[PDB]
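One file, data34.cif, carrying mmCIF, N, CA and C atoms; chains and numbers go by the auth columns:
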```
data_start
loop_
_atom_site.group_PDB
_atom_site.id
_atom_site.type_symbol
_atom_site.label_atom_id
_atom_site.label_comp_id
_atom_site.label_asym_id
_atom_site.label_seq_id
_atom_site.Cartn_x
_atom_site.Cartn_y
_atom_site.Cartn_z
_atom_site.B_iso_or_equiv
_atom_site.auth_seq_id
_atom_site.auth_asym_id
ATOM 1 N N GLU A 1 -3.889 -29.177 7.178 0.00 1 A
ATOM 2 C CA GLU A 1 -3.270 -28.837 8.453 0.00 1 A
ATOM 3 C C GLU A 1 -4.101 -29.322 9.635 0.00 1 A
ATOM 4 N N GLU A 2 -3.428 -29.913 10.622 0.00 2 A
ATOM 5 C CA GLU A 2 -4.110 -30.371 11.826 0.00 2 A
ATOM 6 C C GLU A 2 -4.849 -29.211 12.487 0.00 2 A
ATOM 7 N N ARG A 3 -6.048 -29.505 12.999 0.00 3 A
ATOM 8 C CA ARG A 3 -6.981 -28.448 13.384 0.00 3 A
ATOM 9 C C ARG A 3 -6.464 -27.612 14.548 0.00 3 A
ATOM 10 N N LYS A 4 -5.872 -28.242 15.562 0.00 4 A
ATOM 11 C CA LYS A 4 -5.400 -27.460 16.703 0.00 4 A
ATOM 12 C C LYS A 4 -4.257 -26.541 16.298 0.00 4 A
ATOM 13 N N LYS A 5 -3.352 -27.021 15.439 0.00 5 A
ATOM 14 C CA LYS A 5 -2.304 -26.156 14.897 0.00 5 A
ATOM 15 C C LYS A 5 -2.901 -25.010 14.099 0.00 5 A
ATOM 16 N N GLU A 6 -3.936 -25.305 13.313 0.00 6 A
ATOM 17 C CA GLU A 6 -4.614 -24.278 12.528 0.00 6 A
ATOM 18 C C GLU A 6 -5.217 -23.205 13.424 0.00 6 A
ATOM 19 N N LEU A 7 -5.837 -23.615 14.526 0.00 7 A
ATOM 20 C CA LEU A 7 -6.423 -22.649 15.448 0.00 7 A
ATOM 21 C C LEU A 7 -5.352 -21.774 16.083 0.00 7 A
ATOM 22 N N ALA A 8 -4.206 -22.356 16.442 0.00 8 A
ATOM 23 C CA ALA A 8 -3.116 -21.545 16.975 0.00 8 A
ATOM 24 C C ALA A 8 -2.629 -20.540 15.943 0.00 8 A
ATOM 25 N N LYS A 9 -2.610 -20.934 14.664 0.00 9 A
ATOM 26 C CA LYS A 9 -2.204 -20.005 13.614 0.00 9 A
ATOM 27 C C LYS A 9 -3.246 -18.911 13.402 0.00 9 A
ATOM 28 N N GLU A 10 -4.528 -19.232 13.590 0.00 10 A
ATOM 29 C CA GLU A 10 -5.578 -18.224 13.504 0.00 10 A
ATOM 30 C C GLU A 10 -5.444 -17.211 14.625 0.00 10 A
ATOM 31 N N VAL A 11 -5.026 -17.660 15.812 0.00 11 A
ATOM 32 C CA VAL A 11 -4.738 -16.727 16.902 0.00 11 A
ATOM 33 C C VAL A 11 -3.677 -15.723 16.467 0.00 11 A
ATOM 34 N N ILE A 12 -2.602 -16.216 15.851 0.00 12 A
ATOM 35 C CA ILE A 12 -1.527 -15.336 15.392 0.00 12 A
ATOM 36 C C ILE A 12 -2.028 -14.383 14.316 0.00 12 A
ATOM 37 N N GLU A 13 -2.815 -14.886 13.355 0.00 13 A
ATOM 38 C CA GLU A 13 -3.327 -14.029 12.286 0.00 13 A
ATOM 39 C C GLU A 13 -4.213 -12.922 12.846 0.00 13 A
ATOM 40 N N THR A 14 -5.020 -13.239 13.856 0.00 14 A
ATOM 41 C CA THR A 14 -5.874 -12.222 14.456 0.00 14 A
ATOM 42 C C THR A 14 -5.059 -11.198 15.240 0.00 14 A
ATOM 43 N N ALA A 15 -4.065 -11.646 16.012 0.00 15 A
ATOM 44 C CA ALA A 15 -3.209 -10.704 16.731 0.00 15 A
ATOM 45 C C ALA A 15 -2.395 -9.836 15.777 0.00 15 A
ATOM 46 N N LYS A 16 -2.027 -10.373 14.609 0.00 16 A
ATOM 47 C CA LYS A 16 -1.323 -9.589 13.600 0.00 16 A
ATOM 48 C C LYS A 16 -2.226 -8.506 13.022 0.00 16 A
ATOM 49 N N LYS A 17 -3.518 -8.801 12.858 0.00 17 A
ATOM 50 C CA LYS A 17 -4.439 -7.770 12.388 0.00 17 A
ATOM 51 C C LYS A 17 -4.557 -6.658 13.414 0.00 17 A
ATOM 52 N N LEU A 18 -4.551 -7.023 14.694 0.00 18 A
ATOM 53 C CA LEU A 18 -4.609 -6.030 15.757 0.00 18 A
ATOM 54 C C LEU A 18 -3.337 -5.189 15.771 0.00 18 A
ATOM 55 N N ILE A 19 -2.183 -5.815 15.525 0.00 19 A
ATOM 56 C CA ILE A 19 -0.935 -5.056 15.468 0.00 19 A
ATOM 57 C C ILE A 19 -0.968 -4.065 14.309 0.00 19 A
ATOM 58 N N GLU A 20 -1.550 -4.473 13.179 0.00 20 A
ATOM 59 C CA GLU A 20 -1.661 -3.570 12.035 0.00 20 A
ATOM 60 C C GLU A 20 -2.500 -2.343 12.382 0.00 20 A
ATOM 61 N N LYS A 21 -3.633 -2.561 13.055 0.00 21 A
ATOM 62 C CA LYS A 21 -4.496 -1.447 13.447 0.00 21 A
ATOM 63 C C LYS A 21 -3.790 -0.525 14.437 0.00 21 A
ATOM 64 N N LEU A 22 -3.119 -1.105 15.438 0.00 22 A
ATOM 65 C CA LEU A 22 -2.404 -0.304 16.427 0.00 22 A
ATOM 66 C C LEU A 22 -1.365 0.585 15.761 0.00 22 A
ATOM 67 N N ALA A 23 -0.653 0.056 14.767 0.00 23 A
ATOM 68 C CA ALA A 23 0.343 0.859 14.065 0.00 23 A
ATOM 69 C C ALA A 23 -0.310 1.920 13.188 0.00 23 A
ATOM 70 N N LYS A 24 -1.412 1.567 12.522 0.00 24 A
ATOM 71 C CA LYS A 24 -2.151 2.535 11.712 0.00 24 A
ATOM 72 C C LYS A 24 -2.629 3.712 12.552 0.00 24 A
ATOM 73 N N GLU A 25 -2.987 3.451 13.804 0.00 25 A
ATOM 74 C CA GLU A 25 -3.710 4.421 14.609 0.00 25 A
ATOM 75 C C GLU A 25 -2.831 5.180 15.596 0.00 25 A
ATOM 76 N N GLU A 26 -1.536 4.884 15.665 0.00 26 A
ATOM 77 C CA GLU A 26 -0.667 5.533 16.649 0.00 26 A
ATOM 78 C C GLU A 26 -0.214 6.936 16.223 0.00 26 A
#
```
Give the structure from this file in structure tokens form.
Amino acid sequence: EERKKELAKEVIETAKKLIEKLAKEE
């Protein structure tokens, strides 16, 4: 995978982890 696309996908994966925590903790 092209690196800049990969970095954008890593942004999404990290924000998804944050969404998981927010839901766990609400």
- request: Could you check how far atom CA of residue A:2 sits from atom N of residue A:17, in Å to one decimal?
  value: 21.6 Å
- prompt: Quick one: distance from atom C of residue A:25 to atom CA of residue A:7 in Å, one decimal?
  reply: 28.1 Å
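For the pair atom N of residue A:4 and atom N of residue A:18, the interatomic distance is 21.3 Å.
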